[PDB]
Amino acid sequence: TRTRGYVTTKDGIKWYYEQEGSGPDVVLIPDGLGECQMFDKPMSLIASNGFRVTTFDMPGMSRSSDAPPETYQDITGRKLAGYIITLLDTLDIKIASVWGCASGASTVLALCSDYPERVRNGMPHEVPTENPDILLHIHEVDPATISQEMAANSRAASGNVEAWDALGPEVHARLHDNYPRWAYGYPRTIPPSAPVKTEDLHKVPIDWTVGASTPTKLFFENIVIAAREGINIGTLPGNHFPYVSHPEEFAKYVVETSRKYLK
């Protein structure tokens, strides 16, 4: 059944994490906002397809907020993979299908490249390689301003405002606090460290996606890199948060995608 709890790791981080189901492992890493409650409904669905699903709030974010300051500053996919790895060890997850959007997509690839042996297959979605105009000075302003701004930016990029609002008051209060921390630690340093070099993308299976309704320019490069490299590239319904806006379809893609690599 769904287990909800904490575990503190050797690196200082008090992770909030959730688990459900049984079978082969699926890890659901959050996008930059670090809020694993976005995964709630799809988590049940994947699990019920014969999977053990793991997810967690990200370091410094939400209920994982009791963490060391460096674990949410100067963030890269590789920094994040390091922490995920040491968390997976405590949970005895040896090999996993790994999903992530945004900076969490940065993390998928970082793991695919740096810890290939722990990735059965990586599912990155919208790897930041250039930030849009709206983020260029997001780290320069005040917390309240960022929370006001980033809540509308995320809300607009929800891909389904009904479902985005429907995440609820508890979640959006947590998100209100993550927004500022996210701006100070993620936007500048995530795109330039995107592991999309040739030598990152071929050590294990990768199925790349982009949001169906995301404006082409935002992750245009994602599609060209994947095509050039012969990496499976496609879309999913919605935009930046398919697991929230289109939970069923998202959970079907994870299931379908992971399915083809099981042996």
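Numbering starts at 1 and follows the sequence shown.
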Item to check | Comparing 8-16 with 242-250, the one whose average Cα B-factor in the PDB entry is higher | outcome: 8-16
Checklist outcome for this item: Once average C-alpha B-factors are taken from the entry for 121-129 and 84-92, the winner is 84-92
Checklist entry - Which is it among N160, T189, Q73, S103: the one with the largest CA B-factor in the entry? => result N160
Next on the checklist: What third of the chain does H137 rank in for C-alpha temperature factor, lowest, middle or highest?
Outcome noted: highest
Checklist outcome for this item: Binned into thirds over the chain's modelled residues, the C-alpha B-factor of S62 lands in the lowest
Next on the checklist: What third of the chain does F56 rank in for C-alpha temperature factor, lowest, middle or highest?
Outcome noted: middle
Next on the checklist: Taking only the Cα B-factors deposited for this chain, tell me whether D177 sits in the lowest, middle or highest third.
Outcome noted: lowest
Checklist entry - In terms of the CA temperature factor given in the entry, to which third of its chain does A156 belong: lowest, middle or highest? => result highest
